[PDB]
Amino acid sequence: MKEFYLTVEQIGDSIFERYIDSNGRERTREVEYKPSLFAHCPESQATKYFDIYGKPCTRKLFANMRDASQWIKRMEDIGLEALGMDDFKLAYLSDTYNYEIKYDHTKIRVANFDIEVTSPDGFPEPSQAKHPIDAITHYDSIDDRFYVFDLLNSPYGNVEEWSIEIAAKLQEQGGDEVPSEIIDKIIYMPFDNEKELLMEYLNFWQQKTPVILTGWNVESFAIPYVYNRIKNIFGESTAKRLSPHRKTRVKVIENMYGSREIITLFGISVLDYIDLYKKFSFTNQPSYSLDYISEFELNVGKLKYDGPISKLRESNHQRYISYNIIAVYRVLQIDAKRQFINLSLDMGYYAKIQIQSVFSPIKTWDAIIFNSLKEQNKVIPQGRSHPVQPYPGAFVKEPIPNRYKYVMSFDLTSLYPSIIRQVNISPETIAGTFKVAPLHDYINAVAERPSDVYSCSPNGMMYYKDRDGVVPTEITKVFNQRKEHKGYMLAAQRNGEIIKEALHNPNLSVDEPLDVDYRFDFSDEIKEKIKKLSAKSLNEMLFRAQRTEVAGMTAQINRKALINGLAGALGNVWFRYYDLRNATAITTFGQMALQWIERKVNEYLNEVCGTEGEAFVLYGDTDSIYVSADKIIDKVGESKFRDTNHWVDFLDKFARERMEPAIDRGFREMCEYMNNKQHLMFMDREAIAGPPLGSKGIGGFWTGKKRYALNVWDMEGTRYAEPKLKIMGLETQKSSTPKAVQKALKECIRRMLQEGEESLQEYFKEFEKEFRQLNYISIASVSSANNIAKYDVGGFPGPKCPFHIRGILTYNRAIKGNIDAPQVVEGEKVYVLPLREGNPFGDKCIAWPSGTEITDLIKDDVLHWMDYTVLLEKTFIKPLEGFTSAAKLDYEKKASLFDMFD
DNA sequence: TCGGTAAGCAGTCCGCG
DNA sequence: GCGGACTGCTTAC
Ligand SMILES: Nc1nc2c(ncn2[C@H]2C[C@H](O)[C@@H](COP(=O)(O)OP(=O)(O)OP(=O)(O)O)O2)c(=O)[nH]1
Ligand SMILES: [Ca+2]
Ligand SMILES: [Ca+2]
Ligand SMILES: [Ca+2]
Ligand SMILES: [Ca+2]
Ligand SMILES: [Ca+2]
C-alpha cells in the first residue's frame, strides 16, 4: 500500500513523524529535515523557481530548520521578502507525500476517552488536579474495545468492583442498561490504588498510543486533568509520556474576554468532539452537555441518577462506572451518525496538514494552495501584517411586510466560489483596475463596459483571462467534491419521502428492510417492493435513509463551508493571500448579480403577464430571489387544479421550462457585460410554496429582512409527503427562545400558513389558557453569558448590566453558602426566568446553567415566584403580534355585529 | 470564541416639553 | 411609551 502520515511535529531541528508504512504498520521516525526558502533573484540568473507573479527566485537550502527561521528574521531586518512555506512541517509533508494521499482509516488509532473525578468542594479544576482520578474509560478503534480503569480505593471512599452482569440488566431489573452490543467489548480493570491505575494507564497508552484523540470536553477537561494529576503524583517526565515524543506545552487559549490553558501533546491529534460538533453540525444548541446533545442527536434518555455527582461514586459505584462507559459510547454513536471524524480525516489528508488543523480554514487553504503551487515549481509569497479593515458584504432586499400566498424561490449554486471561478479572482490574476460607476448603473446595464480585455467585478477590479488562478483552480476541486456529496444527500432525502408515502399503507406481514444504497434514487423495482413492506421494515428503511442523508449532509455542507471560507479568508488579515480588493470583488459582484437578476425576472414576468412596473420579486438575500406566483396561478385559475400536487407540478414545470431559461439568458448577458472568464451563475428553483388547495391558509409571510415563513411542497426537487414549514429568522429558529414557546409559535405559524385565521385564534386561546402548566425549563429563555465579572459590582448589577447577566448575579447571591450549587461558567449558556415583584431573590430575574435543573434549595422558590405573565408577553405574544400584524391577521377574534347579538 | 458581512430583536439608558 | 445610541446575542446568508 501507499504510505500515509498519522502525525507530524517540529521539535527543534527534527521532524517527528508517526506514519503507516507500505506494509500497513505504524512507525515513528525522527528526520533531520533541511527546509528550503526563497529569495527573489535577477532575471539574468537561470532558475526553475518563480513566485506567483512570474518573478524568478533562487532556492536557499538550510543546514537545519532553526537556520531557516533565523534567515527569515534577518530578511525582515534587511527589509526583503522571505518567500516559501515557513511552516516547515507542511513543507516536510509536501516533500514526503508528493501524491494524492490514500489513507486507510482502519490503521489509524482513534481513541475516545472520558474520566471521572469525585470532588466534594465544587468543580475539579484541571490546573490544580487535587482530586483522585477514580475512573477512566478509553475506547480504542483498532481493538474495538472499551478499556475501563476503575479505582476501588479512594480517600473519598472504598467501593466494590463494578459488575458487568448488573450493568447489562434493564433499569427495571436494577441494572444500568449498558447497551448489549458493547457488553462483550468491555475490558474491565479494577485498581486498589490510584498510582497503580495511572501507571498502568500510561503503559497501556504507550502500547496503544492514540493518533486521533477525542471524547467530550477532553481538550478542556480530561486531557489537562490527567496530565496535571500525573504531573502532581509522579512529576513532569511521567506526565509527558502522554506524548509519544515526550514533548508537551502548556498552551494559553485567548479570545477577547480572558484566557484558559490547554495541554498540547506533541505527536497526538486532539479533536475534541464538542469542538467538532460546534464546527461541523450547523446547529446552535441551548446546552452542550453530553446528555443534552445525545438526546438531541440520538433520542436517548438522560442518564438518571440520584443525588449530586459528587456523591454518586460512594452511593452507587455500579452506576458511576456504567455511566462513564455509556458516556464514551454516546460520543461513538454521535460519530456513527454525524461522521465528523471521517470528515476531519478526509479534509486533513486532502490538504496535507496536521489533522487538528481542520479547525482552521486559513491553515487548510494555505496548505492546499502551497501544495498546488509547489507542483508547478512556483513559490508562495511571505505572510504579511495587515490592519483589520471593514468591507462591504451582500445585498438584502427590504420586503414589504405582508402575507404572500404563492411563492417560488430561486437560488444561485455556491455563489461566492462560483464568482471566484467566473471572474477568475486570485492573488496572481489581478490585471488592474477600471473607473467604477455607481453599482446601480451596472445593475441597470447603463454603465460603460468595464473592459474589452479583462474579466471584471463592479468594485473596479480586473483579472486575467488567459489562465485560471490558483484560487479558482483549487476551489473548483473542493466544489466538485461538495457537488457529489450533495447529490447523495438529496437522493437519500427523496428516497426518505418515498418511504414516508408508503408508510400510509403498511402491509400486515413479517419481512425485512430492503438491502439498498440510499445515496441513489430508488429504482422502480425497489419502489414496488417498498409498497409491499410492513411498517416495521419501512420504519427501519426510513431510519437508514435519514442516516444516509445525514452522512451526505455532513460531507457536503462542510465542503461548502470550506470553499465559502476561502472567499472569507481573502478578507482575514491572517491569510497569506489576504487582499480586500479580492474580498470586495466577490461581495460586490454578488450584490450586482442579485439585483441584476431581480430586474431581469421582473422584466420577464411583466412581459408574460402583459403588465408594466409590477414587482414580482418580493424579496432576496445575497444570492436568492422570492417570486410571487399568485398571478401565474390565477392565470389558469384555482378551480382548474385537481389537488395541491397539481398546481405544485404546474409551478415546477413553469419554473424549469420558462423561468430558468430566462434567468440563464439574463446571467449570460451579465457575464458578457463584465467580460468574465466563464459563465457560472447558475440560479435554480429552490422552493415552491403555497396554502393547501381549497384551504384558508395564507401560504407565507414576511415581517422584515431575514424573517419569513413559507409552506413548502417541493424543495430542490424533493416532493414532500407532507408540506414542510420553511421558517427563517423567526423566534422558532432561535436557540434563545424557550423550547415550549418555539413549539407553540411553530404551531401558530403552521395554522396561519395551512389553515387560516380562525384556526390560529383557536390555538392561541388554548395556549394562553394552559401554558402555566408547562415545565419551567421548557419556558426558560436561553443566553450565552459573557463578561459576568465586568457587570458584577459587589454581587449586584453594574451600569448597563444585561438582563441575563442580572439573572446570574441573582443566582450567585442565592447560592452563597450552598455547597452542592453548580457555578455559572463564564462564556457558557444559561437558562433565564423572570421573577414577580416582591420575590425573595430581590431582583427581576434569575439565571442558572443551561441543560440543568436548578439546584434544589432554590428550585421551589423559583417555581413559586416565576413570572408567567412576563414570560408569555415577552417570548410568545410579542413575536406572535409581530407575525400576525405582518400577515394582516388577528390572533384574537375581534367583535362583530353577530356579537353579542344573533 | 482558538479556529467573511448584513441584520434582526432584547434590553439599558435616557431623551422627548 | 417609543425611539435612538448603545451593548449583547443570535441568525441568514
Ligand atoms: N464565509 C461564509 N460565507 C457564507 C456562509 N454562508 C453563506 N455565505 C455566503 C457565501 C455563499 O456563497 C453566499 C450564499 O449563501 P448560500 O447559503 O446560498 O450558500 P451557497 O450559494 O454558497 O451554496 P448553495 O449551493 O446555495 O447550497 O453567502 C458562511 O457560513 N461563511
Ligand atoms: Ca461524568
Ligand atoms: Ca446559494
Ligand atoms: Ca403497502
Ligand atoms: Ca441562498
Ligand atoms: Ca438551471
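Proteins come first, then strands; the chains are lettered A, B, ... in the order of their sequence lines, and each starts at number 1. Worth knowing before you read on, the calculation uses all heavy atoms, side chains too, and leaves out hydrogens, waters and symmetry mates.
- Nearest nucleotide to the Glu731(A) side chain, out of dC9(B), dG4(B), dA12(C): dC9(B).
- Remark: the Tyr578(A) side chain and the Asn572(A) side chain contain no N/O donor-acceptor pair separated by less than 3.5 Å.
- Side-chain nitrogen and oxygen atoms of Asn284(A) include at least one within less than 4.0 Å of the OP1 or OP2 phosphate oxygen of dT11(C).
- If you check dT1(B), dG8(B), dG4(B) against the side chain of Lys734(A), the one that comes closest is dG8(B).
- For the pair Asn572(A) and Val396(A), nearest-nucleotide mapping onto DNA chain B gives the more 5' position to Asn572(A).
- The side chain of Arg707(A) places an N or O atom within less than 4.0 Å of a non-bridging phosphate oxygen (OP1 or OP2) of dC9(B).
- Of the candidates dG8(B), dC2(B), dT10(C), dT10(C) carries the atom nearest the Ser735(A) side chain, counting heavy atoms from C-beta on.
- Separating the CD atom of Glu873(A) from the P atom of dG11(B) is a distance of 12 Å, rounded to the nearest angstrom.
- Side-chain nitrogen and oxygen atoms of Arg260(A) include at least one within less than 4.0 Å of the OP1 or OP2 phosphate oxygen of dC2(B).
- Its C1'-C2'-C3'-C4' torsion being negative, the sugar of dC13(B) is assigned to the south family.
- Using a 4.0 Å heavy-atom distance criterion, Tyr257(A) is classed as a base contact.
- Taking 3.5 Å as the limit, the base of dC2(B) and the side chain of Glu219(A) contain a donor-acceptor pair of atoms between them.
- If you check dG8(B), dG4(B), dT10(C) against the side chain of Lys705(A), the one that comes closest is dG8(B).
- With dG3(B), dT1(B), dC9(C) as the choices, the nucleotide that has an atom nearest any side-chain atom of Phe359(A) turns out to be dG3(B).
- Here the nucleotide nearest the side chain of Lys878(A), chosen from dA10(B), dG8(B), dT5(B), is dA10(B).
- In this structure, a donor-acceptor pair under 3.5 Å is present between the side chains of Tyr708(A) and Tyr626(A).
- When heavy atoms are screened at a 4.0 angstrom cut-off, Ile586(A) is found touching no nucleic acid atom at all.
- A close approach under 4.0 Å does not occur between any side-chain nitrogen or oxygen of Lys397(A) and OP1 or OP2 of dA12(C).
- Comparing the local axis fitted to the first five base pairs of the helix from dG4(B)-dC13(C) to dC16(B)-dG1(C) with the one fitted to its last five gives a bend of 30°, rounded to 10°.
- Ranking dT1(B), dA7(B), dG3(B) by closeness to the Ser360(A) side chain, first place goes to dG3(B).
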Under 4.0 Å protein heavy-atom contact, by nucleotide of nucleotides 2-8 of chain C - B base, S sugar-phosphate only: -----SS
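- Taking only side-chain atoms of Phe803(A), from C-beta outward, the nucleotide of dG3(B), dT12(B), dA12(C) with the closest atom is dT12(B).
- Salt bridge status for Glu826(A) with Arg260(A): absent, with no side-chain N to carboxylate O gap under 4.0 Å.
- Between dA12(C), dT10(C), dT12(B), one nucleotide has an atom nearer to the side chain of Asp621(A) than all others, and that is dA12(C).
- Between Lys829(A) and the choices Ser735(A), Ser783(A), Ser736(A), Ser287(A), the side chain to side chain contact (heavy atoms under 4.5 Å, CB included) rule is met once, by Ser735(A).
- Across all strands shown, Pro392(A) has heavy atoms under 4.0 Å from sugar-phosphate atoms exclusively, and none from any base.
- Rounded to whole Å, atom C1' of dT1(B) lies 10 Å from atom CG of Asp275(A).
- When distances run from any side-chain atom of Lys874(A) to the nucleotides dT1(B), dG11(B), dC2(B), the shortest one goes to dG11(B).
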